[PDB]
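Down below is the structure, laid out as structure tokens.
Number of protein chains: 4
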Amino acid sequence: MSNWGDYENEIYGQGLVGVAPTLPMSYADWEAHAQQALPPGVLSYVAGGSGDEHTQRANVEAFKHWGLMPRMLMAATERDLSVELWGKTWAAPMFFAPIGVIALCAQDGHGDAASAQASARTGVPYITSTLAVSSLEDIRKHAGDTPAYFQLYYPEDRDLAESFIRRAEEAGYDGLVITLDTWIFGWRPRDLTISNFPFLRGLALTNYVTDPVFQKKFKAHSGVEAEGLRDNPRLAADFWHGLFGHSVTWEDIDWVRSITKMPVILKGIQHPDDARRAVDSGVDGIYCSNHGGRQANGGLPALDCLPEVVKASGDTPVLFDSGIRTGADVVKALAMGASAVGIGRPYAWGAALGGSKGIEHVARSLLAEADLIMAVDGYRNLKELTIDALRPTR
Amino acid sequence: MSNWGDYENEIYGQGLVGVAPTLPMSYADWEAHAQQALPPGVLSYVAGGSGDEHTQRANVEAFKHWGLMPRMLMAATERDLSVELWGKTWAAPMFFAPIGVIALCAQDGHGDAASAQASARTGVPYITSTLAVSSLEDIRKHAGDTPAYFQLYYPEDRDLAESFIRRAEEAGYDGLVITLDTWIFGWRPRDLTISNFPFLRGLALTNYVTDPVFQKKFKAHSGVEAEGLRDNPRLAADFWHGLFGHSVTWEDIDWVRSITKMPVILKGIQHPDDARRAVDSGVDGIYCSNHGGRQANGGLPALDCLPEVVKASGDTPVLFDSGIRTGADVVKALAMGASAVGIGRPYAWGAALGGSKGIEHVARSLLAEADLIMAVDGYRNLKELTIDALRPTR
Amino acid sequence: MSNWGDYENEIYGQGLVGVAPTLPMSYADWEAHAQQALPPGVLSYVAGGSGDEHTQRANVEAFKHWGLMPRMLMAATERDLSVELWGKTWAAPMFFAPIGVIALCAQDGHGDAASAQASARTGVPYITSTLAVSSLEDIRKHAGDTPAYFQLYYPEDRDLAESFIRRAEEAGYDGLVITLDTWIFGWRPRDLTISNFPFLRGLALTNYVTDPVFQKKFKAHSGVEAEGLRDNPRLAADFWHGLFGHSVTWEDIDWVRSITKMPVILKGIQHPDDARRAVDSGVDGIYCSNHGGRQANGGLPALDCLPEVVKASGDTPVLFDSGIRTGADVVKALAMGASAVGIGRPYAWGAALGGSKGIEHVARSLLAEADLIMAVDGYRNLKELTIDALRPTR
Amino acid sequence: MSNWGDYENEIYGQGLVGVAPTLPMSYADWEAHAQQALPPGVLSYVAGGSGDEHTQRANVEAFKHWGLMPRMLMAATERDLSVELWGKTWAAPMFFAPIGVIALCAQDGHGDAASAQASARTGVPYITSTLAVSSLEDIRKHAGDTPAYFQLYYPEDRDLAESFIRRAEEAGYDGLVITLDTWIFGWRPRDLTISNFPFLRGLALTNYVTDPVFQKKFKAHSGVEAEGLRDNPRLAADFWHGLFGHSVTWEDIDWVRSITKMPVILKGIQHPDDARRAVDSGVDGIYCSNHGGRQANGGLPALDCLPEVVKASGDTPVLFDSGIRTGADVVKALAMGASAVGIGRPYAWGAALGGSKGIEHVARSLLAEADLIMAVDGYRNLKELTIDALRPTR
Ligand SMILES: Cc1cc2nc3c(=O)[nH]c(=O)nc-3n(C[C@H](O)[C@H](O)[C@H](O)COP(=O)(O)O)c2cc1C
Ligand SMILES: Cc1cc2nc3c(=O)[nH]c(=O)nc-3n(C[C@H](O)[C@H](O)[C@H](O)COP(=O)(O)O)c2cc1C
Ligand SMILES: Cc1cc2nc3c(=O)[nH]c(=O)nc-3n(C[C@H](O)[C@H](O)[C@H](O)COP(=O)(O)O)c2cc1C
Ligand SMILES: Cc1cc2nc3c(=O)[nH]c(=O)nc-3n(C[C@H](O)[C@H](O)[C@H](O)COP(=O)(O)O)c2cc1C
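Chains as they are written, first to last, in the entry's author numbering: chain A, 0 to 393; chain A', 0 to 393; chain C, 0 to 393; chain C', 0 to 393. A prime marks a further copy of an entry chain.
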């Protein structure tokens, strides 16, 4: 280890012997190249957000209106970016946010296994979506020794919800993330224009196809056996659609907590009283997010919500995503009080240009830049990166 | 002299006899032409900043949000733009900020000697970087009668730091600037993309190559004699890299002050309590700067910091750089309470289009415009240019 | 596979069930997307040609000035596009031309194996370069039952030449292609500008590092043994450079024919007298080419040479490459008398966007269009497609 | 220097140790960058041609319509590009054509000395214009051991003409070039638009101001003596204008040959009957040119004239310029029978980006490409490169 910023030294070292980089170095170049390297349906699905995309863009723009105050003569020559979350020490305050189509962002069709392997090699935890090409058991093996988390899309069948949760616990996941802001799909003009919706073609349904409860219920509905389902998952895509999206209730959350020992983390919280109610009810983690503006175009940047969610959450850890594009953004969200920050769009582009090694380069680039900003600007660890280190800017 | 604004009269005078200008007249045209006139590696290194460059750009944008209030019927027909700093009278409240690769911005490879000669001819002080092609002794001779300042990059070897400081004092430098915000290098995507890092190819290492301490220590490490080092400085580039960047401490600053009679000026201060602590400890000068946003992309414009640094510094002089592009910006930073303002990017472009005469044209153009704004808007000297002469603007 | 044109029916069939294509369908879109999907050094090497690239462009433009005359009421409802070459029946009159960096055009770094697998699945013969990441023995296995050809870069060392030739025969290759137009590298501004030359970094040298003659001669030269060479091929990159480019003579061709039973095919012939002298010498095939304009910018389109080379070659087969981009170009070169047509740039783009499946899509797209043109315009087989089916066009 | 093409090996060699090129490698990039690096008046003068510039463009376009036929198995592993002209052996069949404002294309204002030094280092002969900042005596010294030629602008004063001719002989020049197509200046919209005409400002008149005949005649005309003239050459700009342009006659050429031992070379010949009459007169060289289309926009490409001028000139050497941009063009003009080819616009750009080293890079780049084309395409020397090696192309 010594420090995440050391990553730039190998890049410069290789140039001295005539070995040029092969992947881009900034989000802008990641996005521009990766968008052209993808099939058109995958590009539409990944780049696209809800409505006219103002929220998706405003999430990113929010980071331009905070500045870190540099502190001189601090000699922050060794940084400690580790964080302890629900009993596990993370090597970095950053994680791969769940992406249901990441498998298709890689040319080999296994971008989800690629992400888990990148997590094994880097120490950056992976959160698998419920939607995936590799089963959650295989993903957890690919993540090696790195803490791994399971994101539940709570289905409209409690036996299936319990089966997923049980499977995640047995597979060794370190926590359960329940996504609250996508139980129906928002208006997404780019996908609508070409009527693009991959899961209805039977893609990324492996966690259902491999589930005993889903197999039995689909067989009762259709007569189709588990082997036929595995050979053509699209046979069950309409059945999947019928049970995909339960609208979760507070009572559901109480029931989930009572059937698992995993810590439960609620994803999509923006209002501080929702954070307050959740923490007062025993929820282990708050994950402040608006799903990258992909599911509703209501206009409120996710970052605008983070300080009051942090206040309301007290000592309950708060995760943050929606709008992170560079290591500067990582540092700003951490200074606002997020315990760790999730990466979405950037690592989908990584997958498109280089599979597992591309994802890793994205993660190492983001952490290198965050660590170097902390070094230069005089913040030696995350405990010292407090909210009074920021200033609002024009 | 009479006044810096007189420079425009020779430009218009020459047009009357059919002699057109040969160099550009505005920063935009300096930048656009100079960028094309440079080798690609030098362009990447000079234009590039840290991360997505938001800080580098916000430094410049800050100046658009202050307006000088014009005062009529003041008859400011003679301006006094002189300033007295640590016992020396500067003819202008402006200086060339240190640029470690300025030598390579000129086609002849001696852009640093060119800058010093431009300083000799104009009265605009030159601050030599520690990184340079001409030794600090030669630079000081080229600066003629103009006050000249030495910028130290404090190395990870106290014998070498003392050798540099001693050499600067003996050579007749008027002050020592210690840069605090670049002891490790920030994430710089343009340079990373092409793995561009000139000093590791042995460029601009002349102050080390000519130093007795560095020669002896490198010879102990490598067996290489001082003549071989001079003939191929790249032999020592890895050794240079190993000692380049000491992370300076408050105690280091106390030690530096005790071994030199030069005034000591701290470069990179942004936080007012860092200014306060420095002034209370006997530091002679505060140099408010964020290194043009080149080393950390934390988002806080340098100008946003200047008023509170000025308040905290009391009667200790405050220098300012990061974002100055025209004479209007010079006047605004001076009205905020900087004693003098440093020029970076603009004079690198000057060097690229015209060597020493290009650098001089940049300096004379900036001062002409500042002096004419003061004349027209009714401010006859710098004492009258106070912070209440500005207004915030949209 | 009744006819190559049937490939379009699967594409349309799938859209009727809501499955959109994922790869582009025209050369212009292959090129546009693939160029963005590649690392910058591979893009420069693959897209770039010699000089100002007029020859590379003129090769392509030449196909715009020949038009096929449509014949109605011919009921070409079954097409025979097969060709018998040196005793083997090709299912298509088309092959993958040798590309020494094809390995690096795919993200997994094994685009050469990927090409051989696409050849195994399509029946379109692959010609491996002497430069490769997989050994020629491994490539031949990957090509399955499809005829495969070995392209020799004749080295400045006859023992090594004989080893390569013997290995290819033993490995089961069906012919030996000797490239006559790259024993020295032509002026290539795009590569020169970034000083990009992959082989000197020890890339794609596997056929040398696995060769017993090369191992012994390099071990004699440097001291390093076979394992140190397999572990760091760059140790031998300078040695490779010294022997890579023997300027072949007529006497060498005589000698080559005497040590192999394989048919010998000369690549790079443009002048009819060269083709006539080769055939009189008992050379088995003439491969009309100008290396895509990548080695010399002399300005003569390859297609302009093809009719006279065909005429001078008598009953000896003529292969043709340099400027093929679509299936229309394939039909025009066959009509001028090529027995089979080589594909270069287009399948590099295929590798970049889809590995082996992308290469396969390029090949099946070209053949589908050529087959459909023949069907619609009334040419039932390659015998009926002759130079008098063509007209010059403005 | 075994062959000119070896220049590419240094460029690639340096990239292997992380040293990137600093100058462009193609004419398109030389032109693009140099045009931005120049003062606007020099750009207008250098880039601009006569009228709507169709002739200047058509000169260049003509090279796109000739293609060199590649010859295989010629083993041209050693090339002889030397040429013997009027008793001197040139190492290259290429020279720097006269450029009367070349001094001002370099930033230091001495681009003419810089060209002569590049000639001294490369062996590519320099032809100095009568218009220059360095005296013809100083230029000849700067050219070292390389043959040098003096281009006469024959003045309306035979005493002055005789002085110039005598000075060039005494100074050691190897030939006298008489330019026949600029005794009056053609319509040049780019210069007219900004009324740009440098010589009338007293620029580049050193050969007149240092001439004893000019000094006496001007002193008689105006009253000012030699020192007042050396100190302000613009005093004599109107007088220079009055005598600059004598329209040369056949009788003048007879007279010139009688007063010098130097070979006499006529520049601007396009019509075969003019070449035939000159050779019959005992003129030593024919210099086929249309002044780059800079003086008259009549629309005939210079290259279109070259074959018939060669044929009419018998065994008298023919030089050629007007439209050469790359080494491919150099090969094509030599193949049509030019004994040597002149370079204009390209080395002005070289001066603008790099002074003498930039000029040298342009020259070595052109020759490297020409040499490599000859090697790859099978032409061992200039004798083997004849007009039947070429084909017309669309
Ligand atoms: C293509 C794509 C698919 C996604 N699928 C999921 C998912 O399956 N489950 C989930 O909780 N969030 C999903 N998200 C939301 C991400 O977890 C995260 O909240 C979001 O990407 C952050 O916004 P940003 O990418 O704009 O920074 C997805 C995001 C993207 C880009
Ligand atoms: C190419 C370049 C190199 C620099 N090298 C140095 C240096 O050697 N030492 C130093 O203290 N600052 C260095 N700086 C920072 C400048 O002193 C100054 O703070 C900065 O240029 C102001 O930002 P601006 O150019 O955006 O206005 C350099 C600046 C540039 C543009
Ligand atoms: C990137 C690249 C590398 C090449 N490598 C080789 C090689 O190793 N051996 C060879 O005989 N020809 C080589 N060629 C030339 C090709 O076999 C073929 O002649 C050329 O690609 C045809 O021109 P086109 O691609 O413009 O249609 C290469 C071509 C490309 C694009
Ligand atoms: C800026 C410039 C000035 C010129 N000056 C002269 C000159 O003093 N004497 C002369 O004989 N030709 C002169 N020429 C013509 C050149 O010698 C040569 O014929 C022309 O540049 C060739 O055309 P090209 O540059 O378009 O290839 C000049 C050319 C240029 C570009």
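Each residue gets a CB set at the ideal place from its N, CA and C atoms; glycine is no exception.
Counting only the Cα atoms, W65/C lies some 13 Å from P300/C. At a Cβ-Cβ threshold of 8 Å, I342/C' and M93/C' count as neighbours.
The closest heavy atom of ligand 4 lies less than 7 Å from the beta carbon of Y44/C'.
Put simply, the segment 173 to 191 of chain C touches the segment 255 to 267 of chain C. At least three CB pairs are less than 8 Å apart. Nearest neighbour of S114/C' by Cα position, chosen from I10/C', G143/C', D237/C' and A337/C', turns out to be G143/C'. DSSP places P97/C' in the coil class of the three-state scheme, outside both helix and strand. One Cα belongs to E226/A', the other to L103/A', and the distance between them is close to 23 Å. For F319/A', the closest alpha carbon among the candidates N289/A', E7/A' and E359/A' is that of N289/A'. Segment contact: the segment 146 to 153 of chain C' against the segment 243 to 252 of chain C', three or more CB-CB distances shorter than 8 Å; contact assigned. Only residues of its own chain outside the window of five on either side were considered, and among them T259 and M261 have a CB closer than 6 Å to the CB of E168/C', listed in chain order. In the displayed model, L80/C falls within coil according to three-state DSSP, outside both helix and strand. For the 8 Å CB-CB criterion, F163/A' and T129/A' form a contact.
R166/A' and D370/A have their C-alpha atoms some 35 Å from each other. The Cβ atoms of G354/C' and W29/C' do not sit closer than 8 Å to each other.
The criterion of a C-beta distance shorter than 8 Å is not satisfied by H141/A' and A170/A'. Not a single CB atom of chain C' sits nearer than 8 Å to the CB of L84/A. Between ligand 3 and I323/C, a heavy atom-to-CB distance of less than 7 Å is present. A residue is called buried once 16 or more other Cβ atoms fall within 10 Å of its Cβ, and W89/C' is buried on that count.
When Cβ-Cβ separations below 8 Å define contact, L15/A makes contact with chain C'.
A straight line joining the alpha-carbon of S133/C with that of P97/C spans about 14 Å. For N58/A', the shortest separation between its Cβ and any heavy atom of ligand 2 lies below 7 Å.
Straight across, the Cα-Cα distance linking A274/A' with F217/A' is about 37 Å. Straight across, the Cα-Cα distance linking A203/A' with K382/A is about 39 Å. From the beta-carbon of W186/C, the residues of chain C' found nearer than 7 Å are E7, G326, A367, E368 and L371. Three or more beta-carbon pairs separated by less than 8 Å are not found between the segment 59 to 77 of chain A and the segment 37 to 46 of chain C, which leaves the two stretches without contact. For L352/C', the uninterrupted alpha helix (DSSP H) run begins and ends at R344 to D376, by DSSP.
The C-beta distance from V212/C to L159/C rounds to 5 Å, short enough to fall under 8 Å.
Relative to the non-hydrogen atoms of ligand 4, the Cβ of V100/C' comes within a distance shorter than 7 Å of at least one. Contact check for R324/A against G48/A fails: the beta carbons are separated by 8 Å or more. Per DSSP, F184/C is not a residue of any alpha helix (DSSP H), being assigned neither H nor E. For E161/A', the closest of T392/A', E9/A', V340/A' and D251/A' by C-alpha to C-alpha distance is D251/A'. Counting the other Cβ atoms within 10 Å of the Cβ of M0/A' gives fewer than 16, which makes it exposed. Scanning chain C' for C-beta atoms nearer than 8 Å to the C-beta of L352/A' yields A36 and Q106, reported in chain order.
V223/A does not reach chain C, its nearest Cβ partner there being about 18 Å away, counting only Cβ pairs nearer than 8 Å. Ligand 1 never approaches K216/A closely enough for any of its heavy atoms to be under 7 Å from the residue's Cβ.
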